[PDB]
Each structure stands twice: as C-alpha cells, then as structure tokens.
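For reference, the chain that follows is the form deposited in one PDB entry, supplied as structure tokens.
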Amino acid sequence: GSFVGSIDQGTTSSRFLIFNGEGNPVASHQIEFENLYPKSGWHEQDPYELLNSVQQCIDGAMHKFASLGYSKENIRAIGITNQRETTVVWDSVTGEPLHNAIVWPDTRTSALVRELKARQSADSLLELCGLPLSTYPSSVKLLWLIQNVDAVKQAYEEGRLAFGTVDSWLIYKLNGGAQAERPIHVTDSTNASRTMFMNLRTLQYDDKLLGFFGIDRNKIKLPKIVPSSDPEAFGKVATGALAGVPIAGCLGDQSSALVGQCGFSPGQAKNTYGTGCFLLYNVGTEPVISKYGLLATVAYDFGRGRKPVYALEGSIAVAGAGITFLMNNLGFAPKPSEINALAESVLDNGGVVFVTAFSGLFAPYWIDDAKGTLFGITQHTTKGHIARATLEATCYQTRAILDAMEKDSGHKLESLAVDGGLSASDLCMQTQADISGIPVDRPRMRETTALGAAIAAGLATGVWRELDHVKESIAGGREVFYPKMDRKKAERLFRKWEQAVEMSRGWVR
C-alpha cells in the first residue's frame, strides 16, 4: 500500500485527493455543494449533502485513479480534514440526522451568547478550553438546537441524540454508521478543541464546561476524543470504491494546512489567504492562553507515545476583500492579476497607508469604531500607491498577529508558510518577508490542506515513520521569498502602519 487518500470536506466544497509517497496528488475530484441560508445570518447545510459530496468525490477520483492502472489496493489509508465547529446532530441509534448542520459562520446564536457571557461563571472558560465565547464554537450552536428544535429536545432527553463536528459525522457514516460491526463515533483532538467542551490541557472533556452549557454526558452521546493520527481508532471505509481501506488520520482544516506545510516546530507558522486570513502558530507541547484575544488550540495530536502540540490562532477579515474592494468599488482593474500589476507599477507606497478596517479591526487591535481609512494622499498619489498600500495592509496585519503570537508563546517566529488567494502575488509575499524579517514559504503543490490529512494517515500506517521524514519526502517532486529590504526602512513602514491604526480609532459615533 503506497498511496494515501485525503478527504477535504470544506465550507463550500468537498474534494478527495490521492497522493503518492512524495506528496504529489495523482487523482482528485471536487464538488461545490449546496449551502442553505434560511434567513439572513443563518447558515445551514444538509448533513447528507456533505457526506454524499465526499463520497462522490471518492467515486470520481477513483475513476481517474483507475485510469492509470491503480486500484483500491494501492491506497494504504486515508485522512479526513474538515471545516471546523460546524455542528451535526444525529440519532445515536438510527444514524439519521435530526436537523440540518449549523455551519460555523452562523450567527443565529447571537441573541444567546449574550445570556451565557452574562453568566458571571463564563470567563475562566477561556483558560479552560482556549476559546473566547463566540457565535462560532459548536457548544453554543448545539445549545441553540437543544432549545429551539423539538426533535433535538426530544432525542436529547430520550438518551437518543448524538453530536459531532463534521469530522466525526464523516467518520461515523463512512464506517457504516449504526450498521457497522464496530460503530465509530470519534473525534480528533484538534476538532475537539473547537467545541469549548474539551479541556485544552487534558485533551479530554471537562465537566465544568459541559456544566455551564448544561450538557449532560449521559443523555447526549459525545464522540470519544482520539488522536489526530491513530492506526485503528477511526476504523475503515465500509462501502464504495475504498471499501476496507482504513481511515488513519483526522484533522481540523486550518490545523491540517499547518501540518501540510510541515510547520512542526515552534515558531513555524502558516497563513491561508482567502477573503481574509487564517493564521496558525505552533507553540510546542504546552498550551498557551493569549493576552491578545487569539485562540488557543491543538495543532495536531499524532499519539504513538508523543505529546500533543498546541497552537495559537488569529484571523484577518480583509485580505482578498481589499483586492476585491479596489476592483469592484474603485474600478482600478478588472482582475486580481492586474490589481497586482498596478501595485508593482510604482517603486513604493508613496507614503500611503490604508487601514482596511471595513468592519473594524480584530486580533490583536480589537478596534470596533474604525472604518477603512486612507492616509498619506497627495496630488502625487497614484492608483499604484493605493494598490500597493492595500496589499501592504494585509502584510501589516499578518505581522501584527505574528508579533502578538510571539509575545504569547515566548518562541521566536522562524518561518511563515502561505497558501491560497493573495499568497499568489509575488509582491505581497516579498513584502511579508521584508516586513516580518523571516523567509516566507509558498509551495507550488496547490493542495496543502488535503496534504495534512494524508500526512497524519501516512504516519499512523508507516508510509512515513518520523516527521523529519515528512518534510524531506514532500520536497522531492518562485517558492521562497527572502527579506531584501533593510530593517531600518522595514520598521518605518510598520510604525507608519501603527500610527495609522492609532489614528483610525474612534471614527464612528
């Protein structure tokens, strides 16, 4: 068994990838699936559309895999990775879903999060699970279910209702659900840490957290928290083209990005660009709570005698959206490619700074009364300067989050891996290297998030045996940007950014 499969069940799409030993994808398949928004701010998904989109991705990829004369036999194991926090409720005895899945960006729980943060008990939660209380974690979402849908009310107190993030849903159904000879209702530590039901230092459940939400361990059926890489806690695929192939890896998606970039040491960090950014920062083997609003979480739990590695996480709202703003709202250019050309048509930012706080700023500034704000404008300011400033703003925010991650962890920043969206822009990554003063790593193999789950599964089954093995194996079969700007001029820019942030406070009244 030489190949490793990976399920990547995302927020808008599912894909299934088959990598070889060098970590290059050989067959693949991707499905954009249906996302339901009942009323504004509500975000739902049919749980069978997520399972079927994955299973159809397996079917199609295995079609192509077959075309190269390879079979089920060539795939030793598969890993799952999934959008996090999204919340699935099913009948623990029938396997049927008891209501739609509530996706992480859903805000229907906004009215409620007031009540629970209103309960004074609620602020040693942060050092218990790692997470500020949001509309985001699945705990708040599950609670809203057990108090607004009757089938969930009923099933719950009948000892009948099972819960899990998307990972555990997927693993349960792929093993055959309730009909399996060994029903698998498990979750990995990274997914588990996003619920607010698990204790970060334990990697198991904490009854104070279960208590605050009023979640009873004996009427709700909760997945056994297992490692992210285990040779048999995830069972095997029951049906389909991959019948009998064991599932040996499971990771929340952002952690799987970091694993797939081989950021196994403290100080190694990854950034994933889309409309905004997901920053993940490896902080080694003891949890680190954050002074700065960052989330503490599990990076990966590879078991096999080894300790779980934790991480800090921050997010940016306006990355790709700043580009989109220049295109749609100013008509600078039609496509991202040529906004990026605009930015390079000038030598520097001409003194322009663009605080892109369209919806305020988040980690680590936490300014809610700024709007987007553009400084440094003169008759000599051109489209190019603004375009460069807009790129630079995501670099400044990335650096601000990375700096905050240093002060929380005590580990020097060592490297920044990047993937997705804006990371395609040569100037923007070069500017990250200059501003942050470390090398910025951009792989050319496009599916690093799926690669992470493959890595966890390959380790549980011996495709790779050490993790020093893994980075060396994937490297076989531009890409790295180095700081060229002198540090003096690299620090006037960042201080010019911090002044600007300062000066954007208190705009709205």
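Whichever C-alpha set is largest while still superposing within 1.5 Å between the two forms counts as the rigid core. Residue numbers run from 1 along the displayed sequence.
The following text describes the form deposited in another entry, which does not appear among the structures shown.
Only one candidate in 333, 209, 113, 222 has its Cα displaced by 2 Å or more between this form and the one not shown after core superposition: 333. Relative to the superposed rigid core, the position of the CA of residue 265 differs between this form and the one not shown by less than 2 Å. Relative to the superposed core, residue 246 undergoes a C-alpha shift smaller than 2 Å between this form and the one not shown. Taking the rigid core as fixed, one finds a CA shift for residue 377 of 2 Å or more between this form and the one not shown.
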